[PDB]
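Below, each chain spelled out in residue letters.
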Amino acid sequence: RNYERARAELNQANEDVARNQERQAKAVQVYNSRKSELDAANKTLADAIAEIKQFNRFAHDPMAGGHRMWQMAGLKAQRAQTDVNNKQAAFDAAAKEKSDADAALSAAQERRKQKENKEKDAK
Amino acid sequence: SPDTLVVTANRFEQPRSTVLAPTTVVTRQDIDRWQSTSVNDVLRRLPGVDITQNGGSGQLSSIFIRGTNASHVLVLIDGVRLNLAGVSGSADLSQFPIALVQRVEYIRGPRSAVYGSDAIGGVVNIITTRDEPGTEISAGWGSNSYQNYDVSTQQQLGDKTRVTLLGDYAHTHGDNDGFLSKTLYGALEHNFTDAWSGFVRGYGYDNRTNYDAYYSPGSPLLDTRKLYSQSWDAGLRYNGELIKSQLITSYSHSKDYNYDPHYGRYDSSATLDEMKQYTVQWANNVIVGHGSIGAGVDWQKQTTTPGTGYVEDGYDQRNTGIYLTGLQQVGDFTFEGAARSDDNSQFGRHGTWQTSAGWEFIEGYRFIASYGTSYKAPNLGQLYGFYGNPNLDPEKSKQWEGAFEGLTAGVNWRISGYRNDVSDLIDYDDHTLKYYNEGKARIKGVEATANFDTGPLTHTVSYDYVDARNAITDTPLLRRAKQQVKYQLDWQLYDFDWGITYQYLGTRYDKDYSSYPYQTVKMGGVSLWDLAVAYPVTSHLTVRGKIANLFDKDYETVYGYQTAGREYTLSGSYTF
């Protein structure tokens with residue numbers, strides 16, 4: 001008698017997990033690009049700071065000429081600092097999406113199992 | 001010079017004898033006779049001035065008054081903070097054209113209570129406007145392929161309107177090309193009535209300068225600097241018999257390119273410092289008793305462009321300074337005073353004040369005592385840069401001074417001692433990578449000046465002694481010269497005008513940059529002689545010659561960087 005009622009709840013549950021697989025797949029595509037850009041920018045910062053330590057012996061002496069290299073190296077560090085701050089904020093926003101979708105998938109999966117058992121009985 | 005007028009003391013006119021603080025005045029006459037080709041050379045010979053330069057003209061240079069930091073002298077053009085100091089937070093006159101200079105009023109001592117920030121060592125007011133009418137075509141040829149061509153004129157339009165104009169081109173070699181300077185200056189001053197007056201005033205300069213830069217493969221050599229600056233002053237003066245009013249506005253814009261000729265001035269690799277500076281001042285003075293009381297406001301705005309001064313983005317610093325000044329001579333006493341409070345958009349408010357006493361014990365001999373507090377504001381870099389810190393406080397300075405001035409048998413002399421306790425200095429820390437607010441310094445020195453005629457001879461000598469030290473380490477602040485002797489002998493003879501400027505600058509202490517770690521080294525103390533003649537052919541043509549550094553000495557002020565020895569200049573000027 002429940003030839004359709006069991007279907008309707010499972011046929012929904014299989015789309016429920018399908019639309020959710022797409023979420024987690026796109027979420028891992030956003031996450032990976034955001035880690036690779038953060039790792040890229042985090043190092044172009046690390047270079048800049050390592051360039052500072054290299055020149056900050058000229059730092060006290062604004063006539064030295066190397067001081068100019070230390071001066072400019074600070075800007076390299078600062079422009080990179082803003083870059084490691086945006087792409088970190090963007091990566092963190094993309095890291096929530098992966099944790100939320102990995103959980104939402106799991107919660108769609110186990111919810112569907114319940115309706116999958118509500119199939120062998122109703123039919 | 002004694003008993004002539006200055007404006008720098010409290011923004012208004014007063015006889016220089018009546019300014020209690022130690023003072024010096026330089027005239028165009030004074031400058032023309034010295035055949036000076038840079039502002040640094042005009043200052044280089046005034047007492048307490050100790051200058052260092054990375055070589056020839058246009059080269060990065062920094063002034064130390066009375067042993068203080070480069071960032072502790074306020075340099076004013078016509079009374080407003082030198083617009084070139086804006087980004088650096090440090091005065092540098094190697095780039096400011098000599099052709100605008102007409103008067104230098106220079107008062108040694110704390111003056112934050114009158115002018116706000118960075119007037120600790122003293123004040124250098126470089127005045128661009130003078131009251132000698134007529135017109136002068138002038139030229140100069142010198143060594144290091146130095147050339148200079150210069151026209152200036154001031155003329156009446158009516159009885160009430162005076163127009164003054166000058167253009168100046170100057171270029172010198174001595175790095176591969178050196179320093180090229182082009183200046184244009186226009187000013188008109190009107191007289192609405194006997195006491196009401198107003199003036200517009202614009203001047204700009206272009207400065208192409210070449211320098212030696214740190215080389216790194218695969219990266220462009222930013223060894224060329226193009227500087228464009230212009231300024232626009234506009235005023236309204238009421239000069240009455242009992243009250244005086246100054247309404248002054250200025251707008252300075254400056255663009256400072258460092259680039260690689262090969263890559264281009266607009267190429268991404270180039271460093272551009274754009275900085276716009278606005279000022280509105282009101283100044284008032286009211287004759288009260290045998291003296292006066294003054295009170296004005298001065299406001300300033302400094303905007304920068306993203307990138308400017310090695311900071312990511314562009315900042316807006318606004319500052320308002322309300323101030324009050326008193327001056328009163330009672331009997332043989334004299335009390336001078338000033339108060340100030342600057343409210344900065346950056347670090348809130350800060351107060352400042354000085355007070356001086358002048359009792360004349362014998363007619364023509366008196367003793368001056370004085371105390372003053374002066375500050376210095378944290379600069380663009382050390383606030384918003386990577387090393388920067390936005391919560392920095394101003395550098396603080398307590399200053400005390402005692403002096404004896406007197407006239408003895410045709411000689412005017414001064415023996416004076418000063419104490420200067422700069423505290424809360426802004427310093428960079430390696431182990432953290434930030435600018436902190438820590439350092440201190442105990443500066444003690446003596447100033448000994450005397451000028452006198454001996455027959456056809458006119459002597460202007462002065463002695464300075466300074467021992468600037470770190471208050472913590474008791475170790476001496478480096479690159480200062482222990483003591484200088486500045487002596488000039490002027491005696492025109494057979495219409496031949498003569499002047500022998502001498503200078504013994506003592507021992508600096510600089511760091512050596514050949515081996516690492518960088519080891520501090522001793523600089524030799526040396527004498528410097530200069531010879532200058534001027535003959536007047538017509539009541540118009542005056543031909544002047546100069547041999548600078550007669551004895552071809554091998555001095556340096558920045559260890560490593562060489563400064564020229566034997567060098568010659570022939571020049572002529574045509575007054576009509």
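Residues numbered from 1 in each chain as written, not as in the entry; some residues may be left out. Chains lettered and ligands numbered in written order. Heavy atoms only, no water.

The deposited coordinates, according to the entry record, derive from X-ray crystallography at 3.50 Å resolution.

Chain B is annotated in the PDB entry as Vitamin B12 transporter btuB of Escherichia coli. This entry's official PDB title is "Structure of the complex between BtuB and Colicin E2 receptor binding domain". UniProt's Subcellular location comment on chain B is quoted here verbatim: "Cell outer membrane". In the Sequence similarities part of its UniProt record, chain B is described as follows: "Belongs to the TonB-dependent receptor family. BtuB (TC 1.B.14.3.1) subfamily." (UniProt positions renumbered as here; feature names shortened; annotations may be inferred.)

The PDB entry annotates chain A as Colicin-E2 of Escherichia coli.

Trainee: Provide a residue-level description of the overall build of chain A, including the pertinent values.
Mentor: Secondary structure assignment for chain A yields two helices and zero strands. C-alpha extents for chain A along the principal axes are approximately 95 × 15 × 15 Å. Taking all 123 residues of chain A together, 30% fall into the buried category. In chain A, the proportion of contacts linking residues at least 24 apart, taken out of those at least 6 apart, comes to 82%. (Helix = DSSP H or I, 4+ residues; strand = E, 2+ residues; numbered from the N terminus. Buried < 20%, exposed > 50% of the residue type's maximum accessible area, 1.4 Å probe, protein only. Contact = heavy atoms within 4.5 Å.)

Trainee: Describe unusual backbone geometry, listing the residues and the values that go with them.
Mentor: Apart from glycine, the bulk of residues carry a negative phi angle, and the bulk of peptide bonds sit in the trans form. All names here are of chain B. Following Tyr516, the chain continues to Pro517 via a peptide bond in cis, the omega torsion being 5°. By secondary structure assignment, the location of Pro517 is in the loop between β29 (509-511) and β30 (520-522). The phi torsion at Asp424 lies on the positive side, around 50°, for a residue other than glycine. Within the element layout of this structure, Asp424 appears in strand β24 (residues 411-429). Positive phi, close to 70°, is recorded for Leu433, a residue that is not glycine. Mapped onto the fold, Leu433 is located in the loop between β24 and β25 (434-454).

Trainee: Hey, could you go over the pairing of strand β32 (residues 541-548) of chain B for me, with residue numbers and the actual values?
Mentor: All names here are of chain B. Relative to β32, strand β31 (residues 526-536) is paired through seven bridges, and the arrangement is antiparallel. Counterpart to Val533 in the pairing with β32 is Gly545. Linkage of β31 to β32, two consecutive antiparallel strands, is achieved through a turn of four residues. (Pairing = 2+ DSSP bridges.)

Trainee: Report on the packing of aromatic side chains, specifying residues and quantitative values.
Mentor: Enumeration according to the criterion identifies 31 aromatic pairs over all chains in this entry. Their ring planes at 35° and their centres at 6.3 Å tell us that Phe55 of chain A and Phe58 of chain A sit as a pair that is tilted. Neither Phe55 of chain A nor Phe58 of chain A differs from the other in exposure class; each is buried. Look at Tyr251 of chain B and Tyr278 of chain B: their rings are 4.8 Å apart centre to centre, the planes differ by 50°, and that puts the pair in the tilted class. With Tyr251 of chain B in strand β16 (residues 243-259) and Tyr278 of chain B in strand β17 (residues 271-286), the pair connects residues that are 27 residues apart, well separated along the chain. For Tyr251 of chain B, a relative accessible area of 25% translates into the label partly exposed. Through successive ring pairs, a cluster of aromatic residues spans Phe55 and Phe58 of chain A together with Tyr214, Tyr513, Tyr516 and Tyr518 of chain B. The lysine or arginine in question, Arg265 of chain B, covers the ring of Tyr257 of chain B, its NZ or CZ lying 5.5 Å from the ring centre. (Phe/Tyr/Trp six-rings, centres within 6.5 Å; stacked < 30°, edge-to-face > 60°. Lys NZ or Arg CZ within 6 Å of the ring centre and 35° of its normal.)

Trainee: How would you explain the interface of chain A and chain B if you had to name every residue and give the values?
Mentor: Chain A puts 26 residues into the contact, and the matching count from chain B is 30 residues. Here chain A and chain B share an interface that buries about 2,500 Å² over both sides, 58% of which is from carbon and sulfur atoms. It is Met63, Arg68 and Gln78 of chain A that lose the most area in chain A upon contact with chain B, and together they represent 29% of the buried surface on that side. Our count for the contact surface shared by chain A and chain B stands at one salt bridge. For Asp61 of chain A, the salt bridge is made with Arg479 of chain B, and the minimal N-O distance between the two is 2.7 Å. Our count for the chain A to chain B interface comes out at 10 residue pairs in polar contact. (Buried area = accessible area lost by both parts, 1.4 Å probe. Salt bridge = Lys/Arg side-chain N within 4 Å of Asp/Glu carboxyl O. Polar contact = N/O pair within 3.5 Å; in protein donor to acceptor, adjacent residues only side chain to side chain.)

Trainee: Outline the nonpolar core, supporting the account with residue identities and numerical values.
Mentor: Counting 32 residues, the largest nonpolar core has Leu43, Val75, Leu93, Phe96, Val104 and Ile126 of chain B as the members making the most contacts within it. Excluding its chain neighbours within four sequence positions, the residues that come into contact with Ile126 of chain B are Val39, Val75, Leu76, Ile77, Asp78, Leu93, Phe96, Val101, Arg103 and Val104 of chain B. Grouped together as the second largest cluster of nonpolar side chains are 21 residues, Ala48 and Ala59 of chain A together with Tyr387 and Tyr518 of chain B included. (Core = buried A, V, L, I, M, F, W, Y, C linked by side-chain atoms within 4.5 Å.)

Trainee: Residues and numbers for the pairing of strand β11 (residues 147-156) of chain B, please.
Mentor: Residue and element names in this part refer to chain B. Across eight bridges, strand β10 (residues 134-142) lies against β11 in antiparallel orientation. Across the sheet, the residue bridging to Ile137 is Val151, located in β11. In textbook terms, the turn of a hairpin is the stretch between consecutive antiparallel strands, and for β10 and β11 this stretch comprises four residues, one of which, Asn144, has a positive phi near 60°. Bridge count between β11 and strand β12 (residues 161-172): 10 bridges; the pairing is antiparallel. Note on β12: the bridge partner recorded for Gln155 is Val163. Counted along the chain from β11 to the antiparallel partner β12, the turn is four residues long.

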